[PDB]
Amino acid sequence: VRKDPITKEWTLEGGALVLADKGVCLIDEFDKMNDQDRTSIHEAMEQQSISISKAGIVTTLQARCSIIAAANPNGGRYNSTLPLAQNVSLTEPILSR
Amino acid sequence: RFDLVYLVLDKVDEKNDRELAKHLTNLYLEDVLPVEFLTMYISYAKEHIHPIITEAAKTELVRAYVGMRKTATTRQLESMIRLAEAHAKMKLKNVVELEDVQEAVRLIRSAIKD
Amino acid sequence: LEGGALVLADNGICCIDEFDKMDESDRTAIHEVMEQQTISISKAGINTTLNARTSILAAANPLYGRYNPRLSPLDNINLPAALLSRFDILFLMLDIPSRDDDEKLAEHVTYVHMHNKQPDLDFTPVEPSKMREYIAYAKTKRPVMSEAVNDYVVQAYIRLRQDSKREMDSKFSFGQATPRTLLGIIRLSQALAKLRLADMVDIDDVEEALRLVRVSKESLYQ
Amino acid sequence: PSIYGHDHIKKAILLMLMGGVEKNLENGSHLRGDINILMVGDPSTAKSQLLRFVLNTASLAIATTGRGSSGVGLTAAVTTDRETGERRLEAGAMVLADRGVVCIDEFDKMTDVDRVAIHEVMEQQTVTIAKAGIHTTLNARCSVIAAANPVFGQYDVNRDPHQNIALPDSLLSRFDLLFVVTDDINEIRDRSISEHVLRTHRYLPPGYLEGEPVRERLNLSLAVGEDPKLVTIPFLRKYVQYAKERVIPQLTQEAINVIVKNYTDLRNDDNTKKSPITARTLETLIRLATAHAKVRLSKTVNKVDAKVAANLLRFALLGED
Amino acid sequence: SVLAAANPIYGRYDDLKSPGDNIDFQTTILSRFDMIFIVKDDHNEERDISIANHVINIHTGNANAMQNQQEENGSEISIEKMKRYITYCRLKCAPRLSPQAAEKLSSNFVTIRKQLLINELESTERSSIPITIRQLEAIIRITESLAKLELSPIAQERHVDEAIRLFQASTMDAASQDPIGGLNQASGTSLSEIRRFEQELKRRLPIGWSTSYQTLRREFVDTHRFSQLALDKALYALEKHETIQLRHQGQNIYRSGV
Ligand SMILES: Nc1ncnc2c1ncn2[C@@H]1O[C@H](COP(=O)(O)OP(=O)(O)OP(=O)(O)O)[C@@H](O)[C@H]1O
Ligand SMILES: [Mg+2]
């Protein structure tokens, strides 16, 4: 959300997931990322939409995007004697998507 | 990386405490120091004078560093050279000799003592 | 160019209330005044130094409530040790419940509410204009010292330091004595001499100053 | 009458309605005559339904919420006058309620930068504006009633009182009465309160049929002509107005004798109170005694006023009830 | 009105840990919700096959070819018709309770508020899901909402029963998580007394034959081994599907397996 320099009204501006509508968004090093930033794609990964309620703007956008992500396991390397849940830090809500 | 580090100590000593308080009170009591000669001498030594090093400094400096290495890093020798060449700028000269390197090593080892 | 309150009060008193909550930005100015009394000015291309000789009267609030059987006075308040050392005198006034004192305090407070006049007593309130006239006249006066008087000050200071070497204990006292304490002893003797006396200072004046400092120091328990 | 219980808080609100007598003192000082009350308690304890009642019953009342308020919105704001062209000041919530009451809800959820301003108004009762070439002191003499919640969801009796309340001590010292209220599970209390609530929810306004939705619209007919026993609300409003404007009691010695003994007894005891006792408790006793004297429509403070004030403050601080 | 959805900490409910370590919402916000639904997966095969068939019918196009028919006949209505019915009902009716409805609601409030006291005393920790007066007002609102559907001008015991059942399904179920074991201070002696009583019961009673709760109380308590918490120990042994079965209106305790 940005203030328009000319009109001086709050307006919406695009992002990475909106620039890649009907495209592909690639996220390298997906495990070395803040949880607050990672959790922003929960709605876009399944519902394929973005909802904003800020500064008098109440809108829903559209992001029909596919995500291919690459990550590293805990310790930098995979332990084949352990289950998956103890080789990564991600939880079920993001692994199911 | 600091060339000289000094530790100022304050210990409860009767002689030192009395002597300090005495001259402090004497200063408060109402009853060989040049004023601006220092500034002009400093400017003269800094703007015209450039000393050099001779083999007399070589002979003392190398053996002094080795004797200090009988945990002195290589920074120590470049610290001695700077102090010796700064002392040479004093007692106005144009070259270093044994007195300057002796004073420099004495200063840098008295620094080590603390 | 707009000067601050510290600069504004020259040869005057700066009363800093709620000094605990005041920010480090002002702590810089408080630190510098006690050191040199000459305020350096903002960086708006003027490079100005302004005279700021002033006296400081600070009121403090201990951290999280009241006094705490935590032994260190540094733990009671946020103020750094260096900042407190520059202060000439520190006074602790702790509220200790005592059955006798509460009765007189309540009576004194309630007399003011019943009758607006303050409670009449043998103590006589001197007229305030006389207060100002005497204070100004004392301020104009200039004392002077003698060599004999300051000799006993050295003995007092060495006794204080020999006490301070063993005074380091669990609860009482704040660090150790510093030459600034000797300086403040003479500085306080100045005012007690200016109060009524003139020319050379009396020997008992040093005793009075030492007594006031010692009572303030002993206020740490009380 | 739609709140079950909370008798002591309802007495404190009434004493707020009939404020104390303000004393103007030398050195340009004034002793405040307002009574300020804080309520800390568990969720769903009818804290917010008393602030709403005070909003309606009082002559002047201003409502405030912690998170939806700012410092410039409580004291004053610099604006411009379009018609003439100068720059002027616009009043905020605190100064608009001069000789009135301010009811603040979710008081603990207020930001720190917001909470300093209310401090000054609670202490000096004046606002200082030194912005944009407008140097002014504004009068704000208002009574504060506030409601908050503890740090956790519910009050804990196994922890010290200061840990339960997130408010600082300086702010907490400026309230005359702090009421900690707790919901305790008991079958008889539940049976009575559930019966009361179910009786309340079965009320039909006159002129309405069963199942008829309430038509809170008035059909654009704004006005017809353009200009044990309980008491009705307008009569209470008349009583409060008459008491505030017609009686100014003065303190007496025999009441002071009771006040001093209560203060001395309270100060020197090992009981653990929810709030510390200090030299400002005496002023609270005096103010409560003056208010109770006004309630009686009398020009002097009697011993009974001191007894009632003592009982109220003992309940507030100790809960000895 | 507010309709909210959220996930627990760690993603899944993790029934192994305490409810207080699973819900991050404070008591202040949780008291403003009339109904709270905790949703879990049971991983049953029959349900999985039914859901799989239902979802595949949606994708293969068999969904619409069915739905219209029911929407035609008598069992479903369109979105617009239901919207118009909702607005008509909200703008026409506002029911009221009956004297018997209040009596039935007060007793239910007393019961559901008593149960919380026993639960909190047993678990020696405060409940994360609170029960307050708002929970009584919620049931009143649900009763009146149920009455609103039929355009009835009065709410009666028929609606009260369904409102009570909905509240039990929604909030009392969430409150009554019934932890099998938390290894906390509560039931600390039980950490060994459970195994002790299980061994004493399995040595007394072979794999056949039955006993009674009356006898299993009187005789095993004459030795002063009672703990007041053995009511759920029998159910926990039953959970093993072998130790205990309850028959004959709960009177008979039958040993069924190892
Ligand atoms: N003693 C009571 N008598 C009548 N109604 C009550 C009582 N206590 C609570 N209630 C009811 O509980 C509901 C919520 O009360 P209220 O909003 O005043 O609570 P609160 O203390 O402000 O809560 P919160 O901590 O959630 O802000 C209201 O419907 C109110 O009528
Ligand atoms: Mg509320």
# chains A, B, ... in the order shown; residues from 1 in each chain; ligands from 1
call {"tool": "residues_near_ligand", "arguments": {"ligand": "ligand 1", "cutoff": "8 Å", "atoms": "only C-alpha atoms and all ligand atoms", "output": "MDAnalysis selection string"}}
result
(chainID D and resid 2:6 41:50 106 147:149 193 196:197) or (chainID E and resid 28:29 31:32 132:134 137)
call {"tool": "write_last_selection", "arguments": {"atoms": "C-alpha atoms", "output": "PDB file, in the first residue's frame"}}
result
ATOM      1  CA  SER D   2     -29.633  -4.631  35.518  1.00  0.00           C
ATOM      2  CA  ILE D   3     -26.288  -5.522  37.156  1.00  0.00           C
ATOM      3  CA  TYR D   4     -26.346  -8.210  39.840  1.00  0.00           C
ATOM      4  CA  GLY D   5     -24.053  -7.439  42.760  1.00  0.00           C
ATOM      5  CA  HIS D   6     -21.036  -5.127  42.780  1.00  0.00           C
ATOM      6  CA  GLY D  41     -10.707  -8.028  36.834  1.00  0.00           C
ATOM      7  CA  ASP D  42     -11.439 -11.213  34.942  1.00  0.00           C
ATOM      8  CA  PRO D  43     -13.153 -11.396  31.538  1.00  0.00           C
ATOM      9  CA  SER D  44     -16.946 -11.033  31.498  1.00  0.00           C
ATOM     10  CA  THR D  45     -17.277  -9.345  34.911  1.00  0.00           C
ATOM     11  CA  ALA D  46     -19.554  -6.420  33.898  1.00  0.00           C
ATOM     12  CA  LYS D  47     -16.720  -3.885  33.912  1.00  0.00           C
ATOM     13  CA  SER D  48     -17.658  -2.343  30.551  1.00  0.00           C
ATOM     14  CA  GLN D  49     -21.404  -2.202  31.285  1.00  0.00           C
ATOM     15  CA  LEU D  50     -20.835   0.214  34.186  1.00  0.00           C
ATOM     16  CA  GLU D 106      -9.099  -1.264  27.614  1.00  0.00           C
ATOM     17  CA  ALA D 147     -11.285  -0.610  33.316  1.00  0.00           C
ATOM     18  CA  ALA D 148      -8.391  -2.924  32.503  1.00  0.00           C
ATOM     19  CA  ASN D 149      -7.308  -6.567  32.445  1.00  0.00           C
ATOM     20  CA  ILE D 193     -27.148 -14.856  38.598  1.00  0.00           C
ATOM     21  CA  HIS D 196     -31.427 -12.763  37.100  1.00  0.00           C
ATOM     22  CA  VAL D 197     -29.985 -12.776  33.562  1.00  0.00           C
TER      23      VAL D 197
ATOM     24  CA  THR E  28      -9.922 -12.474  26.784  1.00  0.00           C
ATOM     25  CA  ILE E  29     -10.526 -13.227  23.098  1.00  0.00           C
ATOM     26  CA  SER E  31     -14.746 -15.555  25.777  1.00  0.00           C
ATOM     27  CA  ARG E  32     -16.278 -13.539  22.908  1.00  0.00           C
ATOM     28  CA  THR E 132     -18.830 -17.529  31.723  1.00  0.00           C
ATOM     29  CA  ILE E 133     -22.131 -15.626  31.631  1.00  0.00           C
ATOM     30  CA  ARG E 134     -21.473 -14.954  27.940  1.00  0.00           C
ATOM     31  CA  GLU E 137     -26.215 -15.610  26.700  1.00  0.00           C
TER      32      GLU E 137
END
call {"tool": "closest_atom_pairs", "arguments": {"of": "chain C", "to": "chain B", "cutoff": "10 Å", "atoms": "only C-alpha atoms", "output": "Markdown table"}}
result
| residue | atom | partner | partner_atom | distance |
| --- | --- | --- | --- | --- |
| C:144 | CA | B:30 | CA | 8.3 |
| C:145 | CA | B:29 | CA | 6.7 |
| C:146 | CA | B:29 | CA | 7.0 |
| C:147 | CA | B:29 | CA | 6.8 |
| C:150 | CA | B:25 | CA | 6.7 |
| C:151 | CA | B:22 | CA | 8.1 |
| C:153 | CA | B:25 | CA | 8.6 |
| C:154 | CA | B:21 | CA | 6.1 |
| C:155 | CA | B:18 | CA | 8.2 |
| C:157 | CA | B:21 | CA | 8.0 |
| C:158 | CA | B:17 | CA | 6.9 |
| C:159 | CA | B:14 | CA | 9.7 |
| C:161 | CA | B:12 | CA | 7.2 |
| C:162 | CA | B:12 | CA | 7.5 |
| C:164 | CA | B:12 | CA | 9.1 |
| C:165 | CA | B:12 | CA | 7.0 |
| C:178 | CA | B:10 | CA | 9.9 |
| C:179 | CA | B:21 | CA | 7.8 |
| C:182 | CA | B:21 | CA | 8.1 |
| C:183 | CA | B:24 | CA | 8.8 |
| C:186 | CA | B:28 | CA | 9.2 |
call {"tool": "residues_around", "arguments": {"residues": "stretch 45-49 of chain C", "least_positions_apart": "4", "cutoff": "12 Å", "atoms": "only C-alpha atoms", "output": "list in words"}}
result
residues 1, 2, 3, 7, 33, 36, 37, 38, 39, 40 and 41 of chain C
call {"tool": "select_by_dssp", "arguments": {"residues": "chain A", "states": "strand (DSSP E)", "output": "PyMOL selection string"}}
result
chain A and resi 2-3+10-11+23-27+49-54+57-62+65-69
call {"tool": "residues_around", "arguments": {"residues": "residue A:15", "least_positions_apart": "6", "cutoff": "12 Å", "atoms": "only C-alpha atoms", "output": "PyMOL selection string"}}
result
chain A and resi 1+21+25+40-41+50+61-63
call {"tool": "atom_distance", "arguments": {"atom1": "atom CA of residue B:61", "atom2": "atom CA of residue B:90"}}
result
19.1 Å
call {"tool": "residues_around", "arguments": {"residues": "residue D:109", "least_positions_apart": "6", "cutoff": "10 Å", "atoms": "only C-alpha atoms", "output": "PyMOL selection string"}}
result
chain D and resi 65-68+115+148-149+166-167
call {"tool": "write_last_selection", "arguments": {"atoms": "C-alpha atoms", "output": "CSV table (one decimal), in the first residue's frame"}}
result
chain,number,residue,atom,x,y,z
D,65,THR,CA,-10.9,3.4,24.1
D,66,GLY,CA,-7.2,2.6,24.6
D,67,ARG,CA,-6.1,1.4,21.2
D,68,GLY,CA,-8.2,3.9,19.2
D,115,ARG,CA,-0.1,7.0,28.3
D,148,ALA,CA,-8.4,-2.9,32.5
D,149,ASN,CA,-7.3,-6.6,32.4
D,166,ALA,CA,1.2,-4.2,33.7
D,167,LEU,CA,0.6,-0.5,34.5
call {"tool": "residues_around", "arguments": {"residues": "residue C:103", "least_positions_apart": "3", "cutoff": "12 Å", "atoms": "only C-alpha atoms", "output": "list in words"}}
result
residues 97, 98, 99, 100, 106, 107, 108, 109 and 110 of chain C; 256, 257, 258, 259, 260, 261, 262, 263, 264, 265, 266, 267, 268, 279 and 282 of chain D
call {"tool": "residues_around", "arguments": {"residues": "residue C:198", "least_positions_apart": "4", "cutoff": "12 Å", "atoms": "only C-alpha atoms", "output": "PyMOL selection string"}}
result
chain C and resi 137-145+190-194+202+205
call {"tool": "decode", "arguments": {"residues": "stretch 44-80 of chain B", "atoms": "N, CA and C atoms", "output": "PDB file, in the first residue's frame"}}
result
ATOM      1  N   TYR B  44      57.853  23.567  13.916  1.00  0.00           N
ATOM      2  CA  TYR B  44      59.164  23.490  13.279  1.00  0.00           C
ATOM      3  C   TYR B  44      59.602  22.043  13.089  1.00  0.00           C
ATOM      4  N   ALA B  45      59.429  21.216  14.122  1.00  0.00           N
ATOM      5  CA  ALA B  45      59.852  19.824  14.021  1.00  0.00           C
ATOM      6  C   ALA B  45      58.974  19.032  13.063  1.00  0.00           C
ATOM      7  N   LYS B  46      57.702  19.409  12.928  1.00  0.00           N
ATOM      8  CA  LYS B  46      56.781  18.653  12.091  1.00  0.00           C
ATOM      9  C   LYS B  46      56.816  19.073  10.627  1.00  0.00           C
ATOM     10  N   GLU B  47      57.236  20.301  10.326  1.00  0.00           N
ATOM     11  CA  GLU B  47      57.106  20.822   8.970  1.00  0.00           C
ATOM     12  C   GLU B  47      58.430  20.891   8.213  1.00  0.00           C
ATOM     13  N   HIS B  48      59.568  20.884   8.906  1.00  0.00           N
ATOM     14  CA  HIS B  48      60.872  20.952   8.252  1.00  0.00           C
ATOM     15  C   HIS B  48      61.747  19.722   8.452  1.00  0.00           C
ATOM     16  N   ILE B  49      61.613  19.013   9.569  1.00  0.00           N
ATOM     17  CA  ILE B  49      62.585  18.008   9.987  1.00  0.00           C
ATOM     18  C   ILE B  49      62.131  16.628   9.532  1.00  0.00           C
ATOM     19  N   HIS B  50      63.054  15.866   8.955  1.00  0.00           N
ATOM     20  CA  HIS B  50      62.804  14.485   8.537  1.00  0.00           C
ATOM     21  C   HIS B  50      64.037  13.642   8.840  1.00  0.00           C
ATOM     22  N   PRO B  51      64.040  12.868   9.924  1.00  0.00           N
ATOM     23  CA  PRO B  51      65.228  12.078  10.266  1.00  0.00           C
ATOM     24  C   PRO B  51      65.381  10.855   9.377  1.00  0.00           C
ATOM     25  N   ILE B  52      66.518  10.177   9.549  1.00  0.00           N
ATOM     26  CA  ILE B  52      66.839   8.947   8.839  1.00  0.00           C
ATOM     27  C   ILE B  52      67.339   7.916   9.846  1.00  0.00           C
ATOM     28  N   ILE B  53      67.565   6.699   9.355  1.00  0.00           N
ATOM     29  CA  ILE B  53      68.027   5.603  10.194  1.00  0.00           C
ATOM     30  C   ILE B  53      69.416   5.162   9.748  1.00  0.00           C
ATOM     31  N   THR B  54      70.277   4.873  10.725  1.00  0.00           N
ATOM     32  CA  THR B  54      71.634   4.419  10.466  1.00  0.00           C
ATOM     33  C   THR B  54      71.821   3.022  11.046  1.00  0.00           C
ATOM     34  N   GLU B  55      72.954   2.402  10.699  1.00  0.00           N
ATOM     35  CA  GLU B  55      73.230   1.035  11.132  1.00  0.00           C
ATOM     36  C   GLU B  55      73.403   0.923  12.642  1.00  0.00           C
ATOM     37  N   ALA B  56      73.732   2.026  13.320  1.00  0.00           N
ATOM     38  CA  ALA B  56      73.768   2.005  14.777  1.00  0.00           C
ATOM     39  C   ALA B  56      72.398   1.660  15.346  1.00  0.00           C
ATOM     40  N   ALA B  57      71.334   2.149  14.706  1.00  0.00           N
ATOM     41  CA  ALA B  57      69.988   1.734  15.076  1.00  0.00           C
ATOM     42  C   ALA B  57      69.713   0.289  14.684  1.00  0.00           C
ATOM     43  N   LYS B  58      70.244  -0.154  13.541  1.00  0.00           N
ATOM     44  CA  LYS B  58      70.107  -1.548  13.129  1.00  0.00           C
ATOM     45  C   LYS B  58      70.602  -2.503  14.207  1.00  0.00           C
ATOM     46  N   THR B  59      71.835  -2.290  14.671  1.00  0.00           N
ATOM     47  CA  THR B  59      72.473  -3.233  15.579  1.00  0.00           C
ATOM     48  C   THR B  59      71.679  -3.376  16.868  1.00  0.00           C
ATOM     49  N   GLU B  60      71.198  -2.258  17.415  1.00  0.00           N
ATOM     50  CA  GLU B  60      70.434  -2.319  18.654  1.00  0.00           C
ATOM     51  C   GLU B  60      69.035  -2.873  18.421  1.00  0.00           C
ATOM     52  N   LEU B  61      68.368  -2.444  17.346  1.00  0.00           N
ATOM     53  CA  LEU B  61      66.967  -2.793  17.141  1.00  0.00           C
ATOM     54  C   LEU B  61      66.789  -4.288  16.909  1.00  0.00           C
ATOM     55  N   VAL B  62      67.621  -4.878  16.044  1.00  0.00           N
ATOM     56  CA  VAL B  62      67.449  -6.299  15.740  1.00  0.00           C
ATOM     57  C   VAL B  62      67.651  -7.142  16.993  1.00  0.00           C
ATOM     58  N   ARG B  63      68.732  -6.880  17.734  1.00  0.00           N
ATOM     59  CA  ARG B  63      69.003  -7.682  18.919  1.00  0.00           C
ATOM     60  C   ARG B  63      67.985  -7.424  20.022  1.00  0.00           C
ATOM     61  N   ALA B  64      67.458  -6.201  20.125  1.00  0.00           N
ATOM     62  CA  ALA B  64      66.431  -5.903  21.115  1.00  0.00           C
ATOM     63  C   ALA B  64      65.155  -6.673  20.811  1.00  0.00           C
ATOM     64  N   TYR B  65      64.750  -6.698  19.539  1.00  0.00           N
ATOM     65  CA  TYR B  65      63.562  -7.462  19.173  1.00  0.00           C
ATOM     66  C   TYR B  65      63.771  -8.950  19.433  1.00  0.00           C
ATOM     67  N   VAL B  66      64.952  -9.472  19.090  1.00  0.00           N
ATOM     68  CA  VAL B  66      65.232 -10.884  19.340  1.00  0.00           C
ATOM     69  C   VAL B  66      65.199 -11.180  20.836  1.00  0.00           C
ATOM     70  N   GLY B  67      65.780 -10.295  21.646  1.00  0.00           N
ATOM     71  CA  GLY B  67      65.768 -10.499  23.086  1.00  0.00           C
ATOM     72  C   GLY B  67      64.370 -10.439  23.666  1.00  0.00           C
ATOM     73  N   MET B  68      63.517  -9.587  23.098  1.00  0.00           N
ATOM     74  CA  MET B  68      62.117  -9.563  23.498  1.00  0.00           C
ATOM     75  C   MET B  68      61.426 -10.843  23.047  1.00  0.00           C
ATOM     76  N   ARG B  69      61.980 -11.499  22.026  1.00  0.00           N
ATOM     77  CA  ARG B  69      61.468 -12.779  21.555  1.00  0.00           C
ATOM     78  C   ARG B  69      62.205 -13.964  22.172  1.00  0.00           C
ATOM     79  N   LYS B  70      62.841 -13.772  23.322  1.00  0.00           N
ATOM     80  CA  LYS B  70      63.523 -14.869  24.002  1.00  0.00           C
ATOM     81  C   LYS B  70      62.517 -15.801  24.667  1.00  0.00           C
ATOM     82  N   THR B  71      56.030 -13.200  23.909  1.00  0.00           N
ATOM     83  CA  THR B  71      54.988 -13.146  22.893  1.00  0.00           C
ATOM     84  C   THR B  71      54.890 -11.752  22.284  1.00  0.00           C
ATOM     85  N   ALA B  72      55.978 -11.307  21.659  1.00  0.00           N
ATOM     86  CA  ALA B  72      56.050  -9.989  21.039  1.00  0.00           C
ATOM     87  C   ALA B  72      55.816 -10.139  19.540  1.00  0.00           C
ATOM     88  N   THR B  73      54.687  -9.632  19.064  1.00  0.00           N
ATOM     89  CA  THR B  73      54.368  -9.696  17.648  1.00  0.00           C
ATOM     90  C   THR B  73      55.246  -8.728  16.862  1.00  0.00           C
ATOM     91  N   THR B  74      55.233  -8.892  15.538  1.00  0.00           N
ATOM     92  CA  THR B  74      55.992  -8.008  14.659  1.00  0.00           C
ATOM     93  C   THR B  74      55.516  -6.562  14.744  1.00  0.00           C
ATOM     94  N   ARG B  75      54.294  -6.329  15.233  1.00  0.00           N
ATOM     95  CA  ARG B  75      53.846  -4.966  15.501  1.00  0.00           C
ATOM     96  C   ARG B  75      54.779  -4.257  16.472  1.00  0.00           C
ATOM     97  N   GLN B  76      55.394  -5.008  17.388  1.00  0.00           N
ATOM     98  CA  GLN B  76      56.237  -4.397  18.409  1.00  0.00           C
ATOM     99  C   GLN B  76      57.436  -3.684  17.795  1.00  0.00           C
ATOM    100  N   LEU B  77      58.096  -4.307  16.812  1.00  0.00           N
ATOM    101  CA  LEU B  77      59.275  -3.683  16.221  1.00  0.00           C
ATOM    102  C   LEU B  77      58.923  -2.422  15.443  1.00  0.00           C
ATOM    103  N   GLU B  78      57.828  -2.445  14.683  1.00  0.00           N
ATOM    104  CA  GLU B  78      57.387  -1.237  14.001  1.00  0.00           C
ATOM    105  C   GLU B  78      56.907  -0.170  14.972  1.00  0.00           C
ATOM    106  N   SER B  79      56.501  -0.557  16.183  1.00  0.00           N
ATOM    107  CA  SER B  79      56.254   0.412  17.239  1.00  0.00           C
ATOM    108  C   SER B  79      57.534   1.010  17.804  1.00  0.00           C
ATOM    109  N   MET B  80      58.577   0.199  17.990  1.00  0.00           N
ATOM    110  CA  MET B  80      59.857   0.736  18.446  1.00  0.00           C
ATOM    111  C   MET B  80      60.459   1.691  17.426  1.00  0.00           C
TER     112      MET B  80
END
